[PDB]
Structures are given as structure tokens and as C-alpha cells.
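Reviewing the structure listed below.
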Amino acid sequence: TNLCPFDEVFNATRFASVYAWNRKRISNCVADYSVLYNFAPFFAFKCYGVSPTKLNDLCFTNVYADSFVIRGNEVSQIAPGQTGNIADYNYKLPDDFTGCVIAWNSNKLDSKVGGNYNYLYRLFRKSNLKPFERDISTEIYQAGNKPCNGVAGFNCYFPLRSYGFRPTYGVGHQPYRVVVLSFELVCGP
Amino acid sequence: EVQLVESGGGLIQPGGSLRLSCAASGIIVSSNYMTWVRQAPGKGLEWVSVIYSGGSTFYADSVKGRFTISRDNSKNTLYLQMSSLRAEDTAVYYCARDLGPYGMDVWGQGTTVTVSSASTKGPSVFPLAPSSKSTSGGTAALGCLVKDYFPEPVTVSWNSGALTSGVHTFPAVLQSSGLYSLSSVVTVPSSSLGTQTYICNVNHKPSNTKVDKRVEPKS
Amino acid sequence: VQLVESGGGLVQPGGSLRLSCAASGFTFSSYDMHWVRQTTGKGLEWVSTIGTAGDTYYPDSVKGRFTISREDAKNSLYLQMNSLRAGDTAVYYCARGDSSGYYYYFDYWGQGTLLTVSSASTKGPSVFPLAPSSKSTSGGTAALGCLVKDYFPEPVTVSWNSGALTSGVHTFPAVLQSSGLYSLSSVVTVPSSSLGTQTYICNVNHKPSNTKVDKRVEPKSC
Amino acid sequence: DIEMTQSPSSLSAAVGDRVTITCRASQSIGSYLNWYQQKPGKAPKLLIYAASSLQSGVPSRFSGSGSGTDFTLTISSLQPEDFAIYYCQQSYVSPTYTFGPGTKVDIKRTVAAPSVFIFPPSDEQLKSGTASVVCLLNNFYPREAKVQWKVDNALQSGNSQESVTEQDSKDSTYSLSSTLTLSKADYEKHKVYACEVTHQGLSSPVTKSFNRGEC
Amino acid sequence: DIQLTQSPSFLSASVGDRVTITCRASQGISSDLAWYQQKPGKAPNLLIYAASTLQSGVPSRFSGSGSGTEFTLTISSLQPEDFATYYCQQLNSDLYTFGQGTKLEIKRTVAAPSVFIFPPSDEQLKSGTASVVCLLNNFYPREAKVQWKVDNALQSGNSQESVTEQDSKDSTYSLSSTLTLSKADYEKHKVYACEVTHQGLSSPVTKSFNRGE
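Residue numbers (the entry's author numbering), protein chains in the order written: chain A, 333 to 517, 524 to 527; chain H, 1 to 219; chain D, 2 to 223; chain E, 1 to 215; chain L, 1 to 213.
This is how it looks when you write it as C-alpha cells:
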């Protein structure tokens, strides 16, 4: 009954930014997770609520795949019960998560001499994000008691900042691609 | 105007508690990153705590489990609560607004927090009189030594402010007994030693002590 | 269900050793295998895991250094250590995993093998007689013993009067010293009137260095 | 890594009583917790899985309860084979499974006192360039006791090691030994040595001291 | 945990020179470093952010550059209002680490110190203590050592030092040292010497006094 494109959600030509993470629905296939096992230069591979070795002997109604790109030292924030900039204002995982998180380095593909300014993350926001929520707004952020009136200046800042990836950076500041698999009550081989 | 004003400093024994307040004008504490940092006497800067505009709080390792950071939107104020204090925590504290990669741009005035075994008392003043061994090239140096006082500050002047030339007041030093000491010196031409007036004034506000002591050569 | 371990031993730092685990009583290829180690000061810790589909998983303090493999034909599990450090001494168990619904658990464990790594030198123990005295005598009874120091490796068996006496003979577990050597002691209580009358000889033995020491312990009049 | 804790560290209960041991997690792990039992010198055995389900082939007197960040293991009727060490294990975060420190379940008797003895280094050892002073504590219960070493009435640390035997099966008492190792020159540089013992079975701490040349 | 190091902990220069200060990291920071300035007795001020951008209001004579593990801050034309301490700061994922601190001072020609000695006063002697105090006046630079010799024998403890800051007019320093004892220790010695070693002196200069005078 066909095999869902686990390859295309793992070797896409370009990934999305963390504040605009890309969601793909996977259903009605014979999920052969051998692709995950065969390629293991994985910086992080952690499954919550299910064992990694049992993925082929269990089924769900549908599977969700979320793809984005972050920096290395923020990879630890993609986990339930974790707090931080990315966890609060960019991407939040519920405390009762039942999926897997995969993250691997992409220095060759995403870094560039002089900086890559196509990857953006949200810096200023007023409240924590609800689990599985995305905010793609670009409205000016008010930091004082005077209305911004849609201009940039003191106490009025643009909410997004670019990572600016370049090869001469440290290990922790290099780009890492992250794919999150969410399962809820697709079958294995 | 945009400004930050701090308050809540004083003397606390090693083990008490304190609550420092930072009131802002022109900056909403509920929509910015707020930070508390501190500086020990002649020891550089150090970060203490940070609070986001979502409720998330982060603390330094050396101060974990002892301090708490809170925010009051009604009064628009940032509070730092200190418990289980130690003698190494005496310093000047600052509250600032952080913008992440754009740095901390606005800073407060800074409040002093001093912790010790207390024992507040006044100073002991001694005269340092010129002599033959203190004469060199027509100029002789005299002064007043201040010992065993607590706490800072203290004001030492000469001749009710009539002398402003050649006066050196050195920074205070901690003693093994937890008390302060310093000295104030002045150089005067030798030929005027037997005629000029030498009266040094020491004022300690916390003890409300005022001393006017005459210094004369020893024979 | 039977699991048996083999390969435990002593290796100098920087070595490389293979431990094998054999299984019987169940189908080997339909279950996942795990390797778990236990130390005396840090409790239980998981060090390796292998599944049905040829996938190998390791923690941070093990990545690269250790390897795991399984042969279904012989029902064998192999784990190979390279670049061993002195902090890896522990008792190792091979366990079988299982799942009920979504919950995972290790349902059967093996006997476990001991692994000690250090700069080893098979060396003979030193025995010292701890004699009794009036300060060591209380209520008509005095305590006397033999102390064993600076031996490697385990064990050092101690017996009193060639095994003819067991009344109150207390032995203590050995302790590791900062010099890489061990130490223990044996004590026994004797009647006050028996001080200097009954013959007491502690027969200390040592297997790897084949050292037998028969020292007499006698009280002091002071 | 999820940090797992247990309480109390040591517990002593008589045969027939009900016993409870608590395990706490640093995060909400739901019902993903297992309880293991280990006897001395034996392989661990699985008691409880899924934090409430009892493994087939385990006596029904064991039970488990709790959820979230607090869980509890309960034994309705203690029996001699229940003298063991119990561990709590989390199965939420994979593959890095984490265990707990463990708790030891002992047996209870009447309070008994630590017979204290001291032993100065032998001259034969002194001829070898090392000196070892021995402090012996015999037949004490419970295990919680303090041993302190003093040289010329001065506190000492970093040069003493303690070894304690397991509980006996006849009198159900323990035994402890403390060894203080020093050099011959350091041994001859002082006059007074003392070993202080504090135990809940003693009204006052007992300090036994000796001087060089006395015996 | 990553630490930052300022290489020139102390540094002196004249008005109109060019000065460069370096801050070095351990592993990697990217282009997120902040350069702050602090005058004594006042709150710090922000000069540079993102290692290259100037905060609004900062004079254009400040310029920063760097990426990775080493960063530099350069002042091209010094002014009298630019003598203070400077710090480098970085975030690194919910932490905040500052540098040790680089101090900038004014340079002056070498001036020999003037040495004075003061014995314990009679009032102090009858109060239960006795302090002998040595004074160094109008020297440069700061490096100078003072040794206490009681009865022509070097004494080690019970000594403290206090030094003033740059003078506003002459840009000179001054130092005070105190040795504190009781009646018996002070009286059990006769010769007291304050040996002074400094660059401005061709040979060390020492002054002394006896108890019988």
C-alpha cells in the first residue's frame, strides 16, 4: 500500500525557519523505518513515550513530521518540559509528548561565507506559545508606553533576527536540521 | 523620561533576607528582558539573574536556590528576594534591560548591600605629627589616622575645608576584625610648621560622630 | 529462560576486551538485548542496547568506545570495549527487553561478570597483629585480630585456628586505597582469662600469589 | 537526563508490617515507571511495570501507586525474603533509561550498643614505614553511627577509611571498622590519639584515647 | 560554560594615541559580543553590540571587529574623557559571562617617590595597640614595593597597603602602608625600617627610627 515519503522529509532541497516550521502529514503507507536506522550520523535521536526499536511493531492513525533548522546549543530545547527562547516563542512540545526527535548537523549545506540570512528566528514576543502553534506575524513590537505606529526606532523593534551562519563559527553555533515525528492513536513492515 | 531607580540596600547579618526593588519609567517590565547584576568592590562585573517577558526565570549557578526574581505590573517594578545570605555577597547591585544580541542598553543607579557581623561603632583618631625624620627639602608631612570604625563612609577634612592643596585621603581597608581604617595626610612647607594651624575633622554619619583634632609637633 | 555471561577479567588501562552472553529457553531473534552495568557508588546505569533490525544505540559516555553485536545462529551477544578507562570497573549484566502496550521493561537478567581495570601487580599481602590490652578488655572479654594490607587482586581468605574457631570471628569487606591496593581485617573476642593461655593463629591465605601466612597473635601485659 | 530520587535511604521493619518507599521524578513521566528488587550478590528481578501493573510470577503482596512526579511502592506483609534493595526506573525518555539510588529494607530488633575498642599500630608495621590505627565497633543497631578520628585532640580528615559488614542472621547486629593510615614520622610527631563514637543507642558519645608508649 | 579573557589587563597611553583591546573566547561565540565602558563610581555604558555596530550616541572614534574566537575594539583618537575600564560580554544560550576588565591609564614621565615614616603615637601606645605607618608620595608608575624590617629582620604579616588613583593635575599616585602590633611586640624591638623599591630610584631608599627616640 505504497510507502510514504520519509526520504523527501529528510533530503529536501531546503528547510524552513524555526518560526515557520513546515508540517507534513503522513498516512496510509507501510512505514519502513529502516531508512532512519541505515543513516546514523545523528547528533540527537531521542524518542519519548515509545521505544525506538519497537517502531515497526505498532501502528497509529496518522503521523506528523515537523521540519526546521536551529543552532546546536538550542537543540536541547526541543523536548517536553523545557524552557528557553525557542521553547517559549518559536516551538513548544506538550508535556505528554509521544514522539521522536531527530537532529543532525548541516554545516556544509546551510552555512555560507559571509553569512546566510535566509534562516530567521523570533526574538521578541509577549507571551509563551501554546503547544503546536505557529506565529508568522511581522508586526513591530512595543517595548515602552508609546505606540509604535508601524515604524522602527527606540522601544520599537522588529521581532525577527537572522542567524547569520558562516563556517568560521563554533560547533554549538553551527546550523542543525531538526525533524520531529509526532504519533497519535500508518503501520510498520 | 526613560530611567531605572533602585532601592532596598543596607546592613544585614550573615543569614538574613532582603528585597531589592527597581522601578522603571518609560520601560514596561512586562514586555522586556530584565536582568540583575552585581559588582564586588574592585572585582569586576558578574551576572546574577534574568527574567523574560513570559515568566521564565534563569539564575546563576553560584546563587541558585537562594534568590528569587519577581515582577509587579501594577507598580511596574522588578523585585529580587535574597535569602540565606553569605559574606561573599556584599556588592553593588544594578538592574538593567536586556535586548539579547543588541546588549544591555539601559542601566540603573546601583544600590550597595553589605553583610558582616555588624558591631557598629565610631572611629579612633590619632595624630601623625611632623618631626626631624619627616623633613625633606623644606616640606614636612603630617596627618590623621582613623582606625576601628564601621561602616562606610566617613569624611575627613582639614581646617574646616580651608586646606585643599596636598591633601590625600586613602581608600579604606578591611581588617581581620571586620573594622575599617584609613589615613588622611597633607604636606606643608617646613618653615610654616611652628605657625600654621593643623586641625583635622572626622565625621562618621552612621554613628553621628564628629571629631575636630589638633595635630602639633612632638618634642 | 537462562542467560549466562563470560569474559570478565582484569585489563590494564587502554585495553580492549570482549564479553559474551549466551541465551537459552526462548527465541533469540524476536527480542531486544541490553547491556547494563552496576557500580558500588553510582548504582545502575545503562550502557548498550541492540534491537531486531540491526540498530545499535549508545549513551554519551560510551559512544565510539564500545561496540555491540549479536549472532542469532549461536544465540550469542558480544560487547567489545576499546580505550578502557579506570572508571569503567563494574559488574555487567546482559538483559532481555520486552514491551507491554507501549511500556518497556527488562524482564530477565543475567548473572553478571566483574570487570576491574587498573595498573595491576600481583602482590602479596602484609599481615599485622592487633593485640588486646586492658583498654581493649571490657566485661571480661578482649578483642584481638589480624590486619591485612596491600594486596591485589581479590580475594584474601582469613581463618582462625585453621577453621577450628568461629565464635565471634568477624570479617570486613575490603576497601580500595588511593594507591590501588586493598585492605581488610579480622577480629575475634576471647575470654579475659584466656589472654596469653589459648593458642591463636590466624591462617591468612592468598590464591593468585599462592601466599600462606600463619602468624601468631598474643596479648600485651600492659 | 531525568534525575530520579528515592526516600527513605534506609528503612527497618519487622515481619508482618506494611512498608512504603517513595520515588520522585524531575519531570512528569506519566505512568512510565518500573520497580526492581535485588538481593545481595544476585541479579536484579522485575517487580512492577507501568507503575501499577504487577509482573506475572510475583507475590500479590507487592503493589505500586502514584503518577506524575510521585510514586510509591507498598508491601502489605513483610517476609524474610523481602530483605533486599529496591530501585525505581523511568521508561519515558529513550534510549537513555535512568535508574534511582535505591533503598535497603532491613529487619528491626531491640536497640543494642556499639562495643568500642581501639588498636595502636604494631611495631612490625612501624618498621615498614607505615602506621595504621584501628577503631572497632561491635554489635550495634541501627546502622546510623558516626566515627571521628582525633590526633592530639585535633580534628582529622582525608586519612581514614571505614568498612562495615552486613547484618548478621543470629543477633541481627552490625560491625564497623575504621582504619587511619599515616607515616612513621607523622605517627611519632604526636602524643594523644582518640576515636569518638556516636550512636543513637548510646546516651553520650564515647571517646577512647591512647598515648604513645602506654602499651 | 565559556569564558572570556582580556589580554591587556592594565594599559597606559597618552592623549591622541591609537589603542586596541582584545577579548578572546574558548570555543565559539559567533558575531554576538558587546563592549561596555565603566568609569569609577558610575554605571556601565554600552559602546558596541554585535561586535561591529555602534550604539546611538557613541562617538565614531570607537570601532570594533571580530568573529569566532577573537574580537578587538579600537579607539583611534583618545580624549581626556576616555580613561576608564572596558568589558566584553556574550549571551551563549541563557548564560551571561563578562570579561575580567581592561583598565586604561594616562602616561607620565618617571617621578621618584618621597618617603616618610611615622611611629605609633603615645595615645595609641596607651590604647593597647601600636601602628607604624610608611608614606610614599608623588611617584610613577604604580609598581613599587615596601618592606618592613623590625630589628633589621624582615617581617612578613600584619601589613596592608592603600593606593590612590590618578591625580587630576599631576597624574601621580601615593601609597600608605601600616604595620600593627601590640605593646610587647613593638617594645621588644628597636630598629624599624621601611625599605622602598621603585623604578624612579637608582638604588632603594630606606628610612628608619629607633625606639629610644
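We put the beta carbon where it would ideally sit given N, CA and C, even for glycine.
Here's the rule I'm using: 16 or more other beta-carbon atoms within 10 Å means buried, otherwise exposed. How should residue i be labelled?
i: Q13 (chain D); result: exposed
i: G57 (chain L); result: exposed
i: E6 (chain H); result: buried
i: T164 (chain H); result: exposed
i: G55 (chain H); result: exposed
i: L174 (chain H); result: exposed
i: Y449 (chain A); result: exposed
i: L116 (chain D); result: buried
i: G16 (chain H); result: exposed
i: residue 518 (chain A); result: Absent from the coordinates is residue 518 (chain A), which sits in the stretch where chain A moves from 517 straight to 524.
i: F374 (chain A); result: exposed
Determine the closest residue to residue i out of the options, with distance taken between C-alpha atoms.
i: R71 (chain H); options: H:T187, H:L174, H:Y149, H:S53; result: H:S53
i: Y369 (chain A); options: A:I434, A:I418, A:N487; result: A:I434
i: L136 (chain E); options: D:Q178, D:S120, D:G88, D:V189; result: D:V189
i: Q39 (chain H); options: L:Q155, L:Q90, L:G99; result: L:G99
i: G68 (chain E); options: E:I75, E:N153, E:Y92, E:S128; result: E:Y92
i: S119 (chain D); options: D:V2, D:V5, D:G9, D:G15; result: D:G15
i: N487 (chain A); options: H:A91, H:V106, H:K205, H:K43; result: H:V106
i: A91 (chain H); options: H:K43, H:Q81, H:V2; result: H:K43
i: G129 (chain E); options: E:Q38, E:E188, E:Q161, E:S178; result: E:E188
i: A154 (chain E); options: E:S115, E:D70, E:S209, E:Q37; result: E:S209
i: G137 (chain H); options: H:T57, H:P41, H:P189; result: H:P189
i: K133 (chain H); options: H:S219, H:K75, H:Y94; result: H:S219
i: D167 (chain L); options: L:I75, L:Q37, L:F83, L:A25; result: L:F83
i: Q81 (chain D); options: D:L18, D:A165, D:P209, D:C147; result: D:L18
i: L136 (chain L); options: H:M34, H:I51, H:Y180, H:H168; result: H:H168
According to DSSP, simplified to helix, strand and coil, what is residue i?
i: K183 (chain L); result: helix
i: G101 (chain L); result: coil
i: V218 (chain D); result: coil
i: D427 (chain A); result: coil
i: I29 (chain E); result: coil
i: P189 (chain H); result: strand
i: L47 (chain E); result: strand
i: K378 (chain A); result: strand
i: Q55 (chain E); result: coil
i: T109 (chain L); result: coil
i: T333 (chain A); result: coil
- Message: Tell me whether the segment 191 to 208 of chain D and the segment 152 to 161 of chain D touch, counting them as touching only if at least three CB pairs, one residue from each stretch, are closer than 8 angstroms.
- Response: yes
- Query: Is there contact between the segment 146 to 156 of chain L and the segment 142 to 151 of chain H, where contact requires at least three CB pairs shorter than 8 angstroms?
  - Reply: no
- Task: Determine, using beta-carbon pairs with one atom in the segment 168 to 180 of chain D and one in the segment 111 to 123 of chain E, whether at least three such pairs fall under 8 angstroms.
- Result: no
- Scan the segment 475 to 502 of chain A for residues whose Cβ lies nearer than 9 angstroms to a Cβ of chain L and list them as they occur along the chain. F486, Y495, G496, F497, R498, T500, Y501, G502
- Taking one C-beta from the segment 140 to 147 of chain E and one from the segment 10 to 29 of chain L each time, how about it: are there three or more such pairs within less than 8 angstroms? no
- Query: At a Cβ cut of 9 angstroms, what residues of the segment 378 to 394 of chain A count as close to chain E, listed as they run along the chain?
  - Reply: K378, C379, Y380, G381, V382, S383, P384, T385
- Query: Below 8 angstroms, can you find three or more Cβ-Cβ pairs linking the segment 351 to 366 of chain A to the segment 389 to 407 of chain A?
  - Reply: yes
- Item | Against chain L: residues of the segment 399 to 433 of chain A by CB proximity under 7 angstroms | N405, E406, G416
- Between the segment 502 to 514 of chain A and chain L, which residues of the former have a C-beta closer than 7 angstroms to a C-beta of the latter? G502, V503, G504, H505
- Query: What residues from the segment 349 to 376 of chain A come within 7 angstroms of chain D, judged by C-beta to C-beta, listed N to C?
  - Reply: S366, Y369
- Query: Counting pairs of Cβ atoms below 8 angstroms between the segment 39 to 50 of chain E and the segment 215 to 222 of chain D, do you hit three or more?
  - Reply: no
- Task: Note down, in chain order, all residues in the segment 86 to 97 of chain E with a beta-carbon under 7 angstroms from any beta-carbon belonging to chain A.
- Result: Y92, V93, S94, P95
- Message: Does the segment 421 to 434 of chain A come into contact with the segment 493 to 501 of chain A, if we say contact requires no fewer than three beta-carbon pairs (one atom in each stretch) closer than 8 angstroms?
- Response: no
- Message: Please list, in chain order, the residues of the segment 1 to 32 of chain E that have any C-beta partner in chain A closer than 9 angstroms.
- Response: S26, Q27, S28, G30, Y32
- Message: Check whether the segment 17 to 29 of chain E and the segment 65 to 82 of chain E touch, using three or more Cβ-Cβ pairs below 8 angstroms as the test.
- Response: yes
- Query: Got a sec: which bits of the segment 57 to 89 of chain L sit with their beta carbon under 9 angstroms from any beta carbon on chain A, in order along the chain?
  - Reply: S67, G68, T69
- Task: Would you check if there are 3 or more beta carbon pairs closer than 8 angstroms linking the segment 18 to 35 of chain D to the segment 65 to 83 of chain D?
- Result: yes
- Message: With three or more C-beta pairs closer than 8 angstroms as the rule, is the segment 368 to 386 of chain A touching the segment 44 to 64 of chain D?
- Response: yes
- Task: Inspect the CB distances between the segment 103 to 118 of chain L and the segment 188 to 205 of chain L and report whether three or more fall short of 8 angstroms.
- Result: yes
- Message: Please list, in chain order, the residues of the segment 451 to 466 of chain A that have any C-beta partner in chain H closer than 7 angstroms.
- Response: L455, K458, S459, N460
- Inter-stretch contact at 8 angstroms, needing at least 3 Cβ pairs: the segment 100 to 110 of chain E / the segment 93 to 112 of chain D: no
- Message: Could you check whether the segment 125 to 141 of chain L touches the segment 173 to 181 of chain L, counting it as contact only if at least three pairs of C-beta atoms, one from each stretch, sit closer than 8 angstroms?
- Response: yes
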